[PDB]
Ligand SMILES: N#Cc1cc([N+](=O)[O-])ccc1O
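Next up: a single chain in structure tokens, the form solved without the named molecule.
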């Protein structure tokens, strides 16, 4: 099916960290209005990642998804320190289509299955942050701080086995580089899973998306290149369609 273009939003205290350059918006740093705007100009799905401090976090994330679900009609994902089934459950019930987990999944893979058994696999997104170490792709947790010693190939297979719906494949080797998506990593992972693969980290120009899709990604996620208007979302989809990529245009 159609290749997907995702926008990611980083959040703290109900605000978009670093905001955005869309001066047409009432509040360029308002996650809800920005999300709604993206949904209007052609983003296919949104993802919200919250880094609010522990005291206010739960209520902040629940308010956000509630407001977002009311204002937008495309699927969205919420994530950020989701550590257990009850937290994931209340976010989905409150309005999220999907939850994103990473570290908590690595430490308890059955959490994937737990969430999927009530909300279906399609509600579970596993973010995998991977990096080359001595010639092998390794899984990293705790915001890139911990080398788990787990091989990417092994974790990808387990993640599907546990019942995840899709995988976000984040290349730590491409963090803030604008040199392109890690297409070697995408090609490496593609044969190991039937799940949708969402490319993340590295995007700097429209051609990088084409490359990502050629590598076998089902979706491409970016943030700052969208928010600071280095890449126009509408042009991006036009470009991709131009060169043969199937994108979308009770």
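Positions refer to the first chain, counted from 1.
According to the entry, the deposited sequence has 4 to 9 residues without coordinates between residue 249 and residue 250.
When the mean C-alpha temperature factors of 172-180 and 115-123 are read from the deposited coordinates, 172-180 comes out higher. Two stretches are in play, 68-76 and 94-102, and the higher mean C-alpha B-factor belongs to 68-76.
Out of 53, 197, 46, 62, the entry records its largest CA B-factor for 53.
Ranked by Cα temperature factor within the chain, residue 34 sits in the highest third according to the deposited record.
Sort the chain's modelled residues by C-alpha temperature factor and residue 219 lands in the lowest third, per the entry.
The entry lists a Cα temperature factor for residue 158 that places it in the middle third of the chain's modelled residues. Among the modelled residues of its chain, residue 206 has a C-alpha B-factor that falls in the middle third according to the deposited record. Residue-level temperature factors show residue 135 in the highest third of its chain, judged at the C-alpha atom.
The discussion below concerns the form solved in complex with the named molecule, not included here.
Proximity to the named molecule in the deposited complex, taken as a non-hydrogen atom within 4.5 angstroms, holds for one residue of 119, 155, 76, 127, which is 127. None of 37-45, 63-71, 193-201, 207-215 except one has non-hydrogen atoms within 4.5 angstroms of the named molecule in the deposited complex; the exception is 193-201. In the deposited complex, the named molecule lies within 4.5 Å of some heavy atom of residue 143. Though the partner is left out of this view, residue 100 does reach within 4.5 Å of the named molecule in the deposited complex, counting heavy atoms only.
Though the partner is left out of this view, residue 5 does not reach within 4.5 Å of the named molecule in the deposited complex, counting heavy atoms only.
Using a 4.5 angstroms limit between non-hydrogen atoms, residue 25 is distant from the named molecule in the deposited complex. Residues are counted as partner-facing when one of their heavy atoms sits within 4.5 Å of the named molecule in the deposited complex; in 209-240 only 221 qualifies.
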